[PDB]
Every structure is written in structure tokens, then in C-alpha cells.
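# Structural overview for review
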Amino acid sequence: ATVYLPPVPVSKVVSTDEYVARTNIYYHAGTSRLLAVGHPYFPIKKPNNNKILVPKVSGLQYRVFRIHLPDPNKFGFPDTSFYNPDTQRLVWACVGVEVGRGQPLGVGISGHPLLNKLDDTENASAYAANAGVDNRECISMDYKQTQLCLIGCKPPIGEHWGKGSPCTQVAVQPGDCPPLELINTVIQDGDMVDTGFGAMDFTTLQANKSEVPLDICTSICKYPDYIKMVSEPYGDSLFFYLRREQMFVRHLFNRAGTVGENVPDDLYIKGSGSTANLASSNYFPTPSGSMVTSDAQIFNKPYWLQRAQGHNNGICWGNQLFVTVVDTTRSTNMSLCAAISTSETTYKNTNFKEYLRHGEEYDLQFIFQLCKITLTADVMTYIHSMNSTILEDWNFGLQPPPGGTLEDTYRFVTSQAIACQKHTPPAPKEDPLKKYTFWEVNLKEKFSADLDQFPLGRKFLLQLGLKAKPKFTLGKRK
Amino acid sequence: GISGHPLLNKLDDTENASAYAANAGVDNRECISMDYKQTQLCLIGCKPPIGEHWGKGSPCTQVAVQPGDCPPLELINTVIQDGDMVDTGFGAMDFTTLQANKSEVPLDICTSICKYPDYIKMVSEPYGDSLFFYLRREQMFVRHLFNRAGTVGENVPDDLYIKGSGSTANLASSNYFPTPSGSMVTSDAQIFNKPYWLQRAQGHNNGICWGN
Amino acid sequence: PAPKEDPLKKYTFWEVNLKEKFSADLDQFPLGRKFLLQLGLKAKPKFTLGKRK
Amino acid sequence: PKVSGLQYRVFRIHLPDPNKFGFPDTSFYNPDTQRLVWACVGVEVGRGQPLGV
Amino acid sequence: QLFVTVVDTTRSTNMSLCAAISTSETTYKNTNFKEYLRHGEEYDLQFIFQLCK
């Protein structure tokens, strides 16, 4: 019979604020306008070297900020004189981010010189018996409008579809479509947004490497794997996310190639010549974005953070912040010409050398609340289980056991044994704050005792009741 | 404002496209006219306000960027002056020394600086007399993607696609520009014509004049 | 002795057995947490908010 | 197989009964007085993946 | 029982790839790089079940 336990110990994970107290102490911080001059179609490198001439910066790339903050006790204050570091320890909680944006109106864009095409199949401009050989066109498109922002304190893991091991169903073989097998890995700085064929590697999957633009063929495209991240009980990889995304089909195109794998062809009647032939089965929707309004933006507005997702309340673990932005709206495309030399009073294209640039601008402005963590043994237990490194940074130290017993054969000193043998851990670790390239944002010496005479500052005061001059009104009437 | 140039820089169609072409020939400009994107803003201040634009930046010798690749475009901030051109939908930049063809775009914007308001400096100002009131309604869309005429001077690594045959083994222009549009005018899109009681402002100045 | 039980399965379906995935946890599933936000009141919420645009 | 979102995706969910399952505590429950039945009071339909048509 | 019918065409990813017959051949014939398209379809179902009598 059943006859239920019901079942224990799970053990469930409790909120950090019931042994953490926020305090009225606040410091402010900011950045100074981050501005990048990129290129979006391909990376522009020096044509005698591997160092960039212009790095590849698109608005269709995740721009991933590894924010790093100093420990607030190793960046201690003389104004703490009511606090104890033997019973309590300090942690930043970032309680506000405002993201400055204000770059010229200008929309991100991509293209491909040899996009794989035969004919248009949203409506037939041809009827062909079989599809081409060596036919490709100069056609440009952006993927899709993506605006998102996420704030975490550990790195976020995104998904994409990898190249799979060969199965019965689908194998990595000519005549047979490769298997798509899911590889989850952390969002790199400059990793691409989707195409509209989703998140996948295209390096390996697209053998021909001429179906989609050069920039995304080289990149891996990711979509954030939100699902896995909120099934995290702790939810320290993120604790804030939102997105705004949409796409359009502006026309189906038909590839110049065709399938080599089976398509059933006893399921419709077969005439003569062309109607006894299959010729398209390799249609694809060409992705495009859409009409952009520039009065509605996630950005230019302050995000009041506290009781954040997971059982993280939005307190900084590691004193770290991980911020992933896409914003396509003000991600300028510059179109210009400079002549290499001018000696002509007539036009020729061979004189004036086209050049293009991309602008990527972001600004981060912050208000931080200083907070404390009240320490006892059970609370100590929960924290080492969460992440032992946090307790260590502060150092309350070890904690035996383990422990363990080795039995092996000795003299001593071995000689005879295994023998000998060393086990190196490794040592060295890859390090999970340099797991991947991240746009280092230093706010260690950009803190401020000044808390009101910021734009964020003025909004913070407006929040706690009104305060301050002027508000509003505004504007406004009639 | 209908504006256009008989000699707008256009190679090929690239929205849906209809042909291929490699690197550009000689003389590909066309008679094309355009409507500029929907932009309405207004700002009230009591000291001239700060614009941004991408100006002419670091030289060709302090980088490794060629003449024909242009001296870098570095954001050079300066006050908005009457008769200054606005943001064009290609970003807000100088176009005097930034178009050596100088007939890539409508006639008006083939010379002079283009600015966008540099809201970040004015509003983070701890006095806020550069402005203290603004509003805007703006949008833009792509009418059609087109490609510039003009030879590639940019670096396309060619070993990131597996080669075609002949024409498709050759490399096209990649000098894409979107053309903006701001079509569908409507009279429910006016930010004008409407009283804005400035009993208090929205700055850090409450609208109280200085210098009168 | 057959034909035949079952009359339910006489039609093609994505077969989902659910008879063994029954739990009681609500703070480990995000679905548990959103449920509490409606119900027990509880969650424990914000979440977060105010302001995220 | 054919997997498209223009096809009906019918999930056949087969469930037991609570009687055939757990009893925490027995204290007002007699198989005589009453019998127990599932009510699924919340569901999540997950569908976060990349875009296509 | 629970019968749930979902059709969703909005985010239902279709993916593009090809297998090469050889990358030495500089063509892009129907029997060279042989194009393909797949569809990857994700759903997830979560429950919470209140007991009744």
C-alpha cells in the first residue's frame, strides 16, 4: 500500500533576507559613456595581421558585461560604527541601474555577398524542373528586432543546436541531414542573436557556409535558456530578465540546391518531365525585422531591484554583476565614402572607396545600497552549501571534515606505492569569470558619497516620496 | 520636405534583389528622391543646448586606417546652432568631409554637420539650464535596402565561405545602406499645437530664466 | 479474451505517462513559486519590479 | 517524422487516482465515506524556444 | 485523463544546414551541397495538483 511519507528532507532553499538586513546606507556609481566603433558584416582586421582594425560590433550581438565590484569590507568605511564584522559581514546589493542610451537613431543591418538563392517562391517567378547550379545573389537583411536586458550575478547560460553524433534517424553523412543536438554554454560577449533559423552553430552545420551572412556563419547564435535558469532554485545566474522580440518574413526564397535525402513522391500523382520531377523542397523564409518606433524603449529608465528571482534577493554573490544587453534601435550603421586618392573631376566608383562603420553605445549608471549579512552557525551552513568561496573571501576559514583515509602501501616515504603517485587537480582551472570574453566594467573606484545629484539620484528621491524639485508638472497641460 | 539628388549613390537592389554583381564598375548613381524619417522634437532651455555628432576624429596616422577607409569617426560633442542639419537616419554625423563623393545623399545634407540632441550631458548636469523641458515622437522604417556604388576598401576575409564558380567565386559589394522612410502622416501624431503648462519644469532648473 | 481494452487508446497520440512525477515541492519548480504568488501569498514576491522597462 | 507546428499536437496524459497513490495521513478518510480524485489546479505550458514559422 | 491540444506556429523553429558531398568541388549543385531543413519543436508541461474528496 501507498501510504505516503510525505517526503523528507527535500531540502528546500530559503530566502536570504530573513538573516540579511538592508540598511539606509547607499553609495552611488556610474560609467562614462561606453562607445564602440564596430563593423557588422564581417570582422574588419588589418589585412597584414590578426589584430582587429575595427572589431566586429553589431546590435544583433549580445554585449555581455562582466561587472566587478570590490568587497565592501576591503573597501570599508569609517561611517560604520554600529556594525560588527565578527557577527556580520558586508555585501553590496545593487538596488538600481539606470541604462543611459542616446546614440543617433540608426538601425542595425547585415548582409551577404553570395546568399544562396534560386528563385522567389512566395510567388513563382519561374517554374523550374530542377533547381540551379552556382547561383547566388547580393541581398541584405537584418535578422529581427531584439531588445533585452538581464541582470544576474553569475554568468547566464544560453542554448543553441550543435552538430550531433550520428544516429539511425539522422546521421552526419551526405544525402542525410545531420542530427541537431542541444549544446548549452555561457553567452559570450559578441555572441550573435538568432537569425530566424534559431540558435545554432552555422560553422559546422552549414558545410557550404554561403547560405546565411558571413558574420553569423562564423558566429554561434544563442537564445538565452531562460527555462533552465528559473528551474535553478537559487537563480543567481540571473534574477532579472525581460525581452522584446519579433520577426517578419518578407519573402520565401528557394535554395539553388535540393535535398539528397528521401521526400515521398508516391503521395501525389506524377505526370511527364517537370511534373514527374521534384524541384523545390528547400524553400526557406528569408528573415527580416520591422518598422521601429523610438518613443518606446526598456532603456533610459531606472529599474528598482530588491526581492529578485530565485532565493537570491538581488544581493551580489561574489560582488559581481552580469548584464547582457541587446539593443538594435540606436545601433547606428554609418555609410560613407573616402577616396584613397582623388585626381578625377569625373565620377568613378573605382576612385571613391566605400567604408562603413557601426556604433554601439551604452551607459550604465548605478545606485547601490550597502547591506549586511548577520551570521550564526545555521546560516553559515546554508552559505557553504550555496557557495563556499563567499565565506572564504571574507575568511572564517576551515571547517574540517573531510577527512578521509588513505590506505596504500608505504615505506615511508614512497618509493613503492601505486607508485608514486601525484594527482594534480588540475590546477590550473579555466576560471568561470574568464570562461569567456566579457566587457569589463570597473566600478571599484567610481563610487560616490553623492547620492542625489545624479539623474538616477533625483529619481531615487522621487521614489521614497516626493521630493524633488521640479518633478512634474512637467509638461503638461492641456 | 521632399528632398532628393539626381546623382544618389546606388549600385544594386538588395531588398529582395534580382541580380548579382561583383565589385563596382564605374558611374553607378541614379535619380532617386527620398522622404526623411518621422522626427518631431522640441526642447526649451535658457542656455544653448549641447548636440552630439560623430565628427572627424583621430587621423590616418594615429591609427592604421587608410585614407580611402576614412580617418576614424569619433563622437565630437558641440552646441546646436541655427541652420544646423538634423540626424539623417544614417546616424548623425558630419557629411562635408565624410563624403568625398559628396553626392551620395540629397543636396542639403551633402555638406554641413548633422546633430542629434545630447540628452545625457544636459540631463546629468547638476544645474540643468541646457534644457529643462523636451518631448519627442519619432520613428523610422526601411522603405528598401540598397547598396552604395563605390569599391570595397573594407576587409572581407574570403575564407569564411567555400568558393563558387566564376561569378559566385567573385565578391560583391557589401556597402549596404538602408534608405529610411517616415511615411503615413497623421494629425493625431502632433506634439505641437497643444499648451504645455510649465508651472514646474522637468529639469533640475524649474524654468526660472537667467539672463532673461 | 481479447479484442480489446483500451477504448481510450484507439487513436494516435503523444503518449504522456504521468503517475510517478507527483511531488509536493513548490519553491524548486518556478511553477510552484508563481502558483504561490496567486495562492498562499507566498512566492515570495516582487518579483522584480517596481520598474523593469 | 513530420514535426511542424501546423499539425495538431495532442498530448494524451494518463493519470492514476489519488486512492491508487499516496495518502499522507488517514484521519477522516475511509474508502466508505468518500473516494479521492485529482484536480490539476495549475499548469504551465512552456514554449520558450528561438523563432521560426 | 487530460487531453491537451496545442498548435503553435509562432516560435516553431525551422533550421537550415546542408551536407556536402565534398568541399573540394567548387560548385553548389543539387548533388553537391545538398540542402536541408529541419524543424525543432520544444514544449514543456508542469502541473500542480490540489487534492479533493
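Residues numbered from 1 in each chain as written, not as in the entry; some residues may be left out. Chains lettered and ligands numbered in written order. Part of a larger assembly, values for the part shown. Heavy atoms only, no water. Residues with missing side-chain atoms left out of burial classes, pairs and counts.

### Here we look at the overall build of chain C
Helix and strand content of chain C: one helix and one strand. In terms of overall dimensions, chain C is more spread out than a globule: its C-alpha atoms have a radius of gyration of 20 Å, far above the 10 Å expected for 53 residues. Across its three principal directions, the C-alpha atoms of chain C cover 65 × 25 × 15 Å. (Helix = DSSP H or I, 4+ residues; strand = E, 2+ residues; numbered from the N terminus. Rg over C-alpha atoms; globule rule 2.2 N^0.38 Å.)

### Remarks on the overall build of chain B
Per the secondary structure count, chain B includes one helix and eleven strands. Here chain B has a C-alpha radius of gyration of 21 Å; the compact-globule value for 212 residues is 17 Å, and the former is much larger. In terms of principal-axis extent, the alpha carbons of chain B reach across some 70 × 45 × 30 Å. Across chain B, the fraction of contacts at a sequence separation of at least 24, relative to all contacts at a separation of at least 6, is 77%. (Contact = heavy atoms within 4.5 Å.)

### Comments concerning the sheet that holds strand β18 (residues 320-327) of chain A
All names here are of chain A. Reading across the sheet, the five strands line up as β13-β9-β18-β5-β21 and stay open at both edges, with mixed pairing between neighbours. What marks the edges here is a single partner per strand, and that holds for β13 (240-246) and β21 (439-442). Mean inter-strand twist for the sheet, computed between neighbouring axes without regard to direction, equals 20 degrees. Where strand β9 (residues 145-152) meets β13, seven bridges bridge the pair, whose relative direction is antiparallel. (Pairing = 2+ DSSP bridges. Axes fitted to C-alpha atoms, helices over the stretch in contact; angles between N-to-C directions.)

### Points about the interface of chain B and chain A
Each side of the interface is counted separately: chain B has 35 residues, and chain A has 37 residues. Residue classes in the side of chain B that touches chain A are distributed as 15 nonpolar, 15 polar and five charged. Of the strand pairs in this sheet, strand β16 (residues 292-293) of chain A and strand β10 (residues 133-147) of chain B are connected by two bridges, and their pairing is antiparallel. Bridge pairing in β10 of chain B places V292 of chain A opposite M140 of chain B. (Nonpolar A, V, L, I, M, F, W, Y, C, P; charged D, E, K, R; others polar.)

### A few points about the arrangement of the chains
Of all seven pairs of chains sharing an interface, the pair with the highest contact count is chains A and B. In this structure chain B stays clear of chain C, and the shortest span between their C-alpha atoms is 18 Å. Structurally, chain B and chain D remain out of contact, their C-alpha atoms never closer than 19 Å.

### Quick look at unusual backbone geometry
With an omega of 15 degrees, the peptide bond running from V10 of chain A to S11 of chain A counts as cis. Topologically, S11 of chain A is positioned in the segment before β1 (20-30). The step from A419 of chain A to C420 of chain A runs through a cis peptide bond, and the omega angle for that step is 0 degrees. Located in the positive-phi region is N319 of chain A, a residue other than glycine, with phi close to 45 degrees. One can find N319 of chain A in the loop between β17 (303-304) and β18. Residue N212 of chain B is not a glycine yet carries a positive backbone phi of 55 degrees. For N212 of chain B, the location among the structural elements is in the segment after β11 (176-181).

### Here's the deal with the sheet that holds strand β12 (residues 223-224) of chain A
Residues and elements named next belong to chain A. Strand order across the open sheet formed by three strands is β11-β10-β12, with antiparallel pairing between neighbours. The open sheet has two edge strands with one neighbour each: β11 (180-186) and β12. Bridge count between strand β10 (residues 157-163) and β12: two bridges; the pairing is antiparallel. From the neighbouring strand, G158 faces β12, where its bridge partner is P224.

### A closer look at the environment of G162 of chain A
Residue and element names in this part refer to chain A. Take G162: it is sitting in strand β10. Counting along the chain gives 245 residues from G162 to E407, while the straight-line C-alpha distance between them is 44 Å. With near-sequence residues (within four places) excluded, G162 lies in contact with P179, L180, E181 and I183.

### With respect to the environment of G96 of chain A
All names here are of chain A. Structurally, the position occupied by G96 is in strand β6 (residues 88-100). Considering only alpha carbons, one finds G96 and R477, 381 residues apart in sequence, at a separation of 31 Å. The residues contacting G96, other than those within four sequence positions of it, are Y303, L305, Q365, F366 and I367.

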